[PDB]
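Trainee: To be precise about what I am sending: the file is called data-v5.txt and holds compact mmCIF, C-alpha atoms.
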# COMPACT_ATOMS: atom_id res chain seq x y z
CA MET B 1 38.41 -20.18 11.27
CA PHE B 2 35.32 -20.64 13.46
CA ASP B 3 31.90 -19.42 12.35
CA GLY B 4 31.59 -15.82 11.15
CA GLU B 5 34.05 -16.20 8.29
CA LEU B 6 32.56 -19.58 7.36
CA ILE B 7 29.00 -18.24 7.39
CA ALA B 8 29.94 -15.19 5.32
CA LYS B 9 31.74 -17.33 2.74
CA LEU B 10 28.83 -19.79 2.55
CA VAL B 11 26.38 -16.90 2.10
CA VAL B 12 28.44 -15.51 -0.78
CA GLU B 13 28.62 -18.95 -2.42
CA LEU B 14 24.87 -19.50 -2.06
CA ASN B 15 24.24 -16.08 -3.60
CA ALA B 16 26.43 -17.05 -6.56
CA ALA B 17 24.60 -20.37 -6.90
CA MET B 18 21.24 -18.58 -7.05
CA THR B 19 22.66 -16.05 -9.51
CA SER B 20 23.49 -18.96 -11.81
CA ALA B 21 20.24 -20.84 -11.19
CA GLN B 22 18.13 -17.80 -12.06
CA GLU B 23 19.32 -17.78 -15.67
CA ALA B 24 19.33 -21.58 -15.54
CA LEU B 25 15.61 -21.97 -14.74
CA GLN B 26 14.10 -18.44 -15.05
CA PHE B 27 12.95 -17.70 -11.51
CA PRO B 28 11.07 -14.48 -10.75
CA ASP B 29 13.51 -13.49 -7.97
CA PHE B 30 15.35 -15.06 -5.06
CA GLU B 31 16.58 -14.49 -1.51
CA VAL B 32 19.04 -16.28 0.77
CA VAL B 33 18.30 -16.17 4.51
CA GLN B 34 19.43 -18.03 7.61
CA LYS B 35 17.15 -20.08 9.82
CA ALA B 36 16.79 -19.29 13.53
CA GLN B 37 16.64 -15.51 13.24
CA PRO B 38 17.60 -13.90 16.58
CA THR B 39 14.79 -11.38 16.07
CA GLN B 40 11.12 -11.93 15.28
CA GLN B 41 10.73 -12.02 11.50
CA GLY B 42 8.24 -12.90 8.80
CA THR B 43 8.97 -15.12 5.82
CA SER B 44 9.12 -13.80 2.26
CA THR B 45 6.82 -14.80 -0.60
CA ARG B 46 9.63 -15.46 -3.07
CA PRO B 47 11.88 -18.40 -3.97
CA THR B 48 14.03 -18.64 -0.87
CA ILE B 49 16.98 -20.60 0.51
CA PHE B 50 17.46 -21.44 4.18
CA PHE B 51 20.53 -22.82 5.92
CA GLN B 52 21.42 -23.87 9.46
CA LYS B 53 24.29 -25.49 11.37
CA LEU B 54 23.60 -28.83 13.03
CA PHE B 55 26.74 -30.21 14.70
CA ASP B 56 30.50 -30.71 14.50
CA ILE B 57 32.92 -33.66 14.36
CA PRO B 58 36.53 -33.19 15.57
CA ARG B 59 37.83 -35.80 13.08
CA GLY B 60 41.23 -36.83 14.38
CA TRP B 61 43.68 -36.20 17.20
CA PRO B 62 44.94 -32.61 17.51
CA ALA B 63 48.27 -31.80 15.87
CA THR B 64 50.70 -29.45 17.62
CA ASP B 65 53.67 -27.63 16.12
CA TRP B 66 56.10 -25.33 17.91
CA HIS B 67 57.24 -21.84 16.92
CA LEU B 68 60.03 -20.07 18.81
CA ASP B 69 60.04 -16.39 19.79
CA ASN B 70 63.68 -15.41 20.27
CA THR B 71 63.13 -11.99 21.85
CA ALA B 72 61.09 -13.27 24.81
CA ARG B 73 62.68 -16.76 24.91
CA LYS B 74 59.33 -18.54 24.64
CA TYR B 75 57.76 -21.30 22.58
CA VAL B 76 54.31 -20.46 21.22
CA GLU B 77 52.32 -23.68 20.87
CA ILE B 78 49.98 -23.83 17.86
CA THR B 79 47.38 -26.62 17.79
CA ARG B 80 45.32 -27.42 14.70
CA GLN B 81 42.11 -29.47 14.60
CA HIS B 82 40.44 -30.56 11.36
CA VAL B 83 36.71 -30.20 11.98
CA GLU B 84 33.70 -31.33 9.93
CA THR B 85 30.45 -29.35 10.09
CA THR B 86 27.06 -30.26 8.63
CA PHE B 87 24.85 -27.53 7.17
CA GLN B 88 21.20 -28.19 6.33
CA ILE B 89 20.05 -26.53 3.09
CA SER B 90 16.35 -26.16 2.34
CA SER B 91 14.21 -24.20 -0.11
CA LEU B 92 10.66 -22.86 -0.35
CA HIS B 93 8.45 -22.02 -3.32
CA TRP B 94 4.69 -21.95 -3.94
CA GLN B 95 3.15 -23.42 -7.08
CA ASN B 96 0.64 -21.36 -9.04
CA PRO B 97 -1.46 -23.86 -11.04
CA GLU B 98 -2.55 -21.36 -13.71
CA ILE B 99 0.91 -20.52 -15.08
CA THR B 100 2.07 -22.82 -17.87
CA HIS B 101 5.79 -22.45 -17.13
CA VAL B 102 6.48 -24.78 -14.21
CA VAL B 103 9.44 -24.77 -11.82
CA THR B 104 9.45 -26.79 -8.61
CA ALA B 105 11.02 -26.14 -5.21
CA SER B 106 12.63 -29.58 -5.43
CA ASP B 107 14.00 -28.46 -8.80
CA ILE B 108 15.71 -25.49 -7.15
CA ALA B 109 17.09 -27.71 -4.38
CA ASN B 110 18.42 -30.20 -6.94
CA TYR B 111 20.10 -27.46 -8.96
CA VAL B 112 21.70 -25.98 -5.84
CA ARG B 113 23.00 -29.41 -4.84
CA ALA B 114 24.37 -30.01 -8.33
CA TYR B 115 26.15 -26.65 -8.35
CA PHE B 116 28.11 -27.42 -5.18
CA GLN B 117 29.16 -30.86 -6.44
CA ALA B 118 30.76 -29.66 -9.68
CA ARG B 119 34.53 -29.81 -10.11
CA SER B 120 34.86 -26.14 -11.07
CA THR B 121 33.13 -24.88 -7.93
CA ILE B 122 35.28 -27.13 -5.75
CA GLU B 123 38.42 -25.82 -7.47
CA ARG B 124 37.26 -22.24 -6.91
CA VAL B 125 36.31 -22.77 -3.27
CA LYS B 126 39.59 -24.52 -2.45
CA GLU B 127 41.26 -21.11 -2.19
CA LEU B 128 38.61 -20.23 0.42
CA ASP B 129 40.18 -22.83 2.75
CA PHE B 130 37.47 -25.52 2.88
CA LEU B 131 36.14 -28.41 0.81
CA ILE B 132 32.89 -30.34 0.43
CA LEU B 133 32.06 -34.04 0.66
CA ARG B 134 29.31 -35.94 -1.14
CA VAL B 135 25.56 -35.39 -0.71
CA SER B 136 23.51 -38.57 -0.50
CA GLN B 137 19.80 -37.70 -0.28
CA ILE B 138 17.17 -35.03 -0.96
CA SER B 139 13.70 -35.40 0.55
CA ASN B 140 10.35 -33.71 -0.13
CA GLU B 141 8.10 -32.95 2.84
CA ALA B 142 4.57 -31.56 2.63
CA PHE B 143 2.97 -29.26 5.19
CA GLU B 144 -0.32 -27.39 5.43
CA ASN B 145 1.15 -23.85 5.21
CA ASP B 146 -0.39 -20.77 6.82
CA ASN B 147 -2.91 -20.21 4.00
CA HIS B 148 -4.28 -23.77 4.40
CA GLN B 149 -2.67 -24.72 1.07
CA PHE B 150 -0.48 -27.79 0.68
CA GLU B 151 3.16 -26.97 -0.05
CA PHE B 152 6.56 -28.66 -0.23
CA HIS B 153 9.73 -28.04 1.80
CA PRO B 154 12.57 -30.00 0.19
CA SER B 155 15.83 -30.17 2.12
CA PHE B 156 19.27 -31.76 2.18
CA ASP B 157 22.42 -31.51 4.29
CA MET B 158 25.96 -30.59 3.24
CA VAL B 159 29.37 -31.15 4.86
CA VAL B 160 32.33 -28.75 4.79
CA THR B 161 35.76 -29.49 6.28
CA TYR B 162 38.31 -26.95 7.50
CA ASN B 163 40.91 -26.28 10.19
CA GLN B 164 40.63 -24.61 13.60
CA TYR B 165 43.64 -22.93 15.21
CA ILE B 166 44.36 -22.23 18.88
CA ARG B 167 47.45 -20.55 20.30
CA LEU B 168 49.22 -20.99 23.64
CA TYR B 169 52.55 -20.40 25.38
CA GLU B 170 55.25 -22.71 26.74
CA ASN B 171 58.71 -22.39 28.27
CA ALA B 172 61.95 -23.10 26.40
CA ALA B 173 65.22 -24.79 27.37
CA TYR B 174 68.62 -23.83 25.96
CA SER B 175 71.16 -26.28 27.43
CA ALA B 176 71.58 -29.75 28.91
CA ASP B 177 73.83 -31.47 31.43
CA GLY B 178 74.01 -34.83 33.16
CA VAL B 179 75.83 -37.16 35.54
CA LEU B 180 77.35 -40.58 34.85
CA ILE B 181 77.57 -43.20 37.61
CA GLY B 182 78.56 -46.85 37.71
CA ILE D 2 -39.69 -19.13 14.78
CA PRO D 3 -37.53 -20.99 12.24
CA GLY D 4 -39.52 -19.27 9.49
CA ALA D 5 -38.80 -15.66 8.63
CA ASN D 6 -35.07 -15.10 9.01
CA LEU D 7 -33.82 -13.37 12.15
CA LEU D 8 -30.60 -12.16 10.51
CA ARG D 9 -32.48 -10.09 7.92
CA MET D 10 -34.44 -8.19 10.56
CA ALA D 11 -31.36 -7.93 12.79
CA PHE D 12 -29.46 -6.24 9.95
CA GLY D 13 -31.86 -3.31 10.32
CA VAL D 14 -30.34 -2.40 13.68
CA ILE D 15 -26.63 -3.21 13.97
CA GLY D 16 -25.42 -2.19 10.52
CA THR D 17 -23.24 -4.15 8.11
CA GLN D 18 -20.44 -4.06 5.52
CA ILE D 19 -20.39 -4.84 1.80
CA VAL D 20 -18.28 -7.59 0.23
CA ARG D 21 -17.94 -9.03 -3.27
CA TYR D 22 -18.89 -12.70 -3.54
CA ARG D 23 -18.16 -15.12 -6.39
CA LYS D 24 -19.31 -18.73 -6.66
CA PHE D 25 -17.67 -21.86 -8.06
CA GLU D 26 -18.79 -23.69 -11.21
CA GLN D 27 -16.25 -26.29 -12.37
CA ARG D 28 -12.55 -27.18 -12.49
CA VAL D 29 -10.12 -28.58 -15.08
CA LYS D 30 -6.56 -29.92 -15.30
CA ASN D 31 -3.28 -28.25 -16.27
CA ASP D 32 -1.30 -31.29 -17.59
CA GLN D 33 0.21 -31.66 -14.12
CA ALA D 34 -2.71 -33.48 -12.44
CA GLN D 35 -3.41 -30.23 -10.56
CA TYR D 36 -6.97 -28.92 -10.44
CA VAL D 37 -7.45 -25.31 -11.53
CA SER D 38 -10.88 -23.81 -10.89
CA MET D 39 -12.99 -21.04 -12.41
CA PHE D 40 -15.48 -18.67 -10.79
CA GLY D 41 -18.26 -16.66 -12.37
CA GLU D 42 -19.87 -13.22 -12.08
CA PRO D 43 -18.92 -11.81 -8.66
CA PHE D 44 -21.72 -9.78 -7.09
CA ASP D 45 -22.26 -7.48 -4.12
CA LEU D 46 -23.51 -8.99 -0.86
CA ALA D 47 -24.43 -7.49 2.51
CA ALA D 48 -22.89 -9.27 5.48
CA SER D 49 -21.70 -8.80 9.06
CA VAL D 50 -17.99 -9.50 9.53
CA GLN D 51 -16.65 -10.47 12.96
CA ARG D 52 -13.29 -11.42 14.45
CA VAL D 53 -11.57 -14.48 15.85
CA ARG D 54 -8.13 -12.86 16.20
CA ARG D 55 -5.38 -15.36 15.46
CA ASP D 56 -2.09 -16.08 17.22
CA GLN D 57 1.09 -17.29 15.54
CA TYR D 58 3.30 -20.36 16.00
CA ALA D 59 6.52 -21.77 14.57
CA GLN D 60 7.81 -24.63 12.44
CA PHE D 61 11.44 -23.61 12.60
CA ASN D 62 12.20 -19.87 12.37
CA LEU D 63 9.05 -19.76 10.25
CA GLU D 64 6.38 -17.95 12.24
CA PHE D 65 3.46 -18.35 9.81
CA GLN D 66 0.57 -16.50 11.41
CA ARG D 67 -2.63 -17.53 9.63
CA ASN D 68 -5.29 -14.86 9.15
CA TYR D 69 -8.90 -15.65 10.03
CA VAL D 70 -12.27 -13.88 9.74
CA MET D 71 -15.84 -14.67 10.80
CA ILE D 72 -18.69 -13.54 8.53
CA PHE D 73 -22.49 -13.65 8.92
CA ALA D 74 -24.58 -13.48 5.75
CA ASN D 75 -28.08 -14.49 4.66
CA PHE D 76 -26.81 -16.66 1.82
CA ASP D 77 -26.80 -20.41 1.19
CA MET D 78 -23.04 -20.72 0.77
CA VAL D 79 -20.94 -23.90 0.78
CA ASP D 80 -17.32 -24.32 1.87
CA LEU D 81 -16.42 -27.79 0.62
CA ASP D 82 -17.77 -30.89 -1.09
CA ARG D 83 -16.59 -32.99 -4.03
CA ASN D 84 -16.26 -29.49 -5.57
CA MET D 85 -14.52 -26.19 -4.72
CA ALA D 86 -15.33 -23.40 -2.20
CA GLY D 87 -16.49 -19.81 -2.59
CA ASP D 88 -14.49 -16.60 -2.45
CA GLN D 89 -14.80 -13.05 -1.12
CA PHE D 90 -12.67 -10.04 -0.28
CA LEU D 91 -13.22 -7.22 2.18
CA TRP D 92 -9.77 -5.99 1.13
CA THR D 93 -7.90 -9.19 0.11
CA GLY D 94 -9.06 -12.51 -1.27
CA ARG D 95 -10.47 -14.97 1.23
CA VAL D 96 -11.87 -18.50 1.53
CA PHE D 97 -13.85 -20.21 4.29
CA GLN D 98 -14.41 -23.65 5.88
CA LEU D 99 -17.72 -24.21 7.72
CA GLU D 100 -21.48 -24.56 7.23
CA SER D 101 -24.63 -23.13 8.83
CA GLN D 102 -28.44 -23.08 8.73
CA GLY D 103 -28.76 -22.37 5.01
CA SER D 104 -31.79 -24.45 4.11
CA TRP D 105 -33.98 -22.60 6.58
CA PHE D 106 -33.11 -18.92 6.25
CA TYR D 107 -29.49 -17.76 6.81
CA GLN D 108 -25.88 -18.83 7.34
CA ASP D 109 -22.58 -17.65 8.79
CA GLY D 110 -19.07 -18.05 7.47
CA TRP D 111 -15.30 -18.11 7.95
CA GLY D 112 -12.26 -16.93 6.06
CA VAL D 113 -8.52 -17.27 5.54
CA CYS D 114 -6.74 -14.26 4.10
CA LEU D 115 -5.12 -15.09 0.80
CA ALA D 116 -2.37 -12.68 -0.10
CA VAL D 117 -3.87 -9.74 -2.05
CA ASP D 118 -6.36 -8.73 -4.73
CA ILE D 119 -5.45 -7.84 -8.30
CA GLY D 120 -6.07 -4.10 -7.94
CA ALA D 121 -7.68 -1.60 -10.31
CA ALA D 122 -10.06 -0.27 -7.65
CA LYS D 123 -10.11 -3.63 -5.84
CA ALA D 124 -11.06 -6.01 -8.65
Mind converting the file's structure to structure tokens?
Mentor:
Amino acid sequence: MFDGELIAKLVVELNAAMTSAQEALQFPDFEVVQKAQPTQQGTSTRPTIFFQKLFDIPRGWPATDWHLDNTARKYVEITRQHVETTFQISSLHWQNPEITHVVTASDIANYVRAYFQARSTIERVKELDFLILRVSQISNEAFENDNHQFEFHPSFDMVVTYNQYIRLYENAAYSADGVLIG
Amino acid sequence: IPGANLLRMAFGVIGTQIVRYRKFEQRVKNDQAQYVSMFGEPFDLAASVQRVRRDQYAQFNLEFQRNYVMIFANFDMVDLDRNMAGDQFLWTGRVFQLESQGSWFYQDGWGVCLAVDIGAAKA
């Protein structure tokens, strides 16, 4: 399944999660963007979600099954590997002290984490050919920010498991014979 | 001589720009242990604004270029103490971090560009 399909599906799911969270907590507006933009870009001054891919785990020996093509008299070898990938999810939001209605960036991160761990979302995403494991920690980190104003960048990582397929060719045999000696 | 200010008589040659300056009085809480401050009666001040001309960096995919300005003004302004700073805007709100020779005759300043001003003919 590789990357492009996975990234598109994850983007759609994150958009749905923000669509829910907006009515849940009454944000002004939101945006979902990927980290490591290939082109020079500037960040947006709105509640934002960032994601990135860290690494992969093969998770098990490869499994091969054989399919036969009768017309060309060939076996096509199909090998499946069940890979685990870790995505890092992080959010950004600036706190205006004057407003009385308060929503935190860590609040948005917590809601996004809770959305992906629900049973209904797992049942819905099962048809999209991947599943999610547990999430074990969310951390707040403070940085100076470009306007010399302290700000928080909460983040957590998420794991999705799927299957990768490769395809190859192999010869086929149609008969057997032997010799017996004593 | 460290008597009559040199900046005042220098302003009669080079030429300056006009900014709106507001000072800080006190601050209160907002039942979150976060200080929120209040300023009073912004007024017009004559000052010479210079450049330092920033360059950007990265944290990760986040470029975050910080905007900076250098300002010279014959005013006894303060950037930081156990209280707040002062504000200004040539076109957008700004705040500074430095000091200068205020108690004799003049000072010079700094500035970081906060996002925008409210509007309504640059309030």
Trainee: Counting all atoms listed in the file, give me one row per residue of chain D with an atom at most 8 Å from an atom of chain B, showing the shortest contact pair and its distance in Å to one decimal, sorted by chain then residue number, as a tab-separated table.
Mentor:
residue	atom	partner	partner_atom	distance
D:31	CA	B:97	CA	7.1
D:35	CA	B:97	CA	6.7
D:36	CA	B:97	CA	7.5
D:37	CA	B:97	CA	6.2
D:61	CA	B:36	CA	6.9
D:62	CA	B:36	CA	4.8
D:63	CA	B:43	CA	6.4
D:64	CA	B:42	CA	6.4
D:65	CA	B:146	CA	5.4
D:66	CA	B:146	CA	6.3
D:67	CA	B:146	CA	4.8
D:68	CA	B:147	CA	7.8
D:113	CA	B:147	CA	6.5
D:114	CA	B:147	CA	7.1
D:115	CA	B:147	CA	6.4
Trainee: Between B:124, B:82, B:93, B:53, which has the minimum distance to residue B:106 (counting all atoms listed in the file)?
Mentor: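 For residue B:106, the nearest of the candidates is B:93.
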Trainee: Between D:74, D:116, D:53, D:34, which one has atoms that come closest to residue D:11, using all atoms listed in the file?
Mentor: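 Smallest separation from residue D:11 among the options: D:74.
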Trainee: Taking all atoms listed in the file into account, which of D:51, D:33, D:101, D:84 comes nearest residue D:69?
Mentor: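 Residue with the minimum atom-to-atom distance to residue D:69: D:51.
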Trainee: Just checking: using only C-alpha atoms, which residue out of B:89, B:101, B:84, B:67 ends up closest to residue B:28?
Mentor: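 Using only C-alpha atoms, residue B:28 sits closest to B:101.
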Trainee: To one decimal place in Å, what is the distance between atom CA of residue B:154 and atom CA of residue B:130?
Mentor: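 A separation of 25.4 Å between them.
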Trainee: So which one's closest to residue B:77, B:172, B:17, B:11, B:92? Using only C-alpha atoms, please.
Mentor: B:172
Trainee: Looking at all atoms listed in the file, which of D:71, D:48, D:81, D:20 is the one that sits closest to residue D:93?
Mentor: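 Checking each of D:71, D:48, D:81, D:20 against residue D:93, counting all atoms listed in the file, the winner is D:20.
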Trainee: Between atom CA of residue D:108 and atom CA of residue D:78, what is the spacing in Å?
Mentor: 7.4 Å
Trainee: Skipping near chain neighbours, those fewer than 4 positions away, what residues fall within 10 Å of residue B:51 using all atoms listed in the file, listed as a PyMOL selection string?
Mentor: chain B and resi 7+10-11+14+32-36+87-91+155-158
Trainee: Please compute the atom CA of residue B:22-atom CA of residue B:46 distance, one decimal, in Å.
Mentor: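 These two atoms are separated by 12.6 Å.
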Trainee: Would you mind listing what lies within 7 Å of residue D:43 as a ChimeraX atom specification, with only C-alpha atoms counted and same-chain residues fewer than 6 positions away left out?
Mentor: /D:21-23
Trainee: Given the point (-12.8, -25.6, -11.9) in the coordinates of this file, which residues lie within 6 Å, counting only C-alpha atoms, and how would they look as a list in words?
Mentor: residues 27, 28, 29, 37, 38 and 39 of chain D
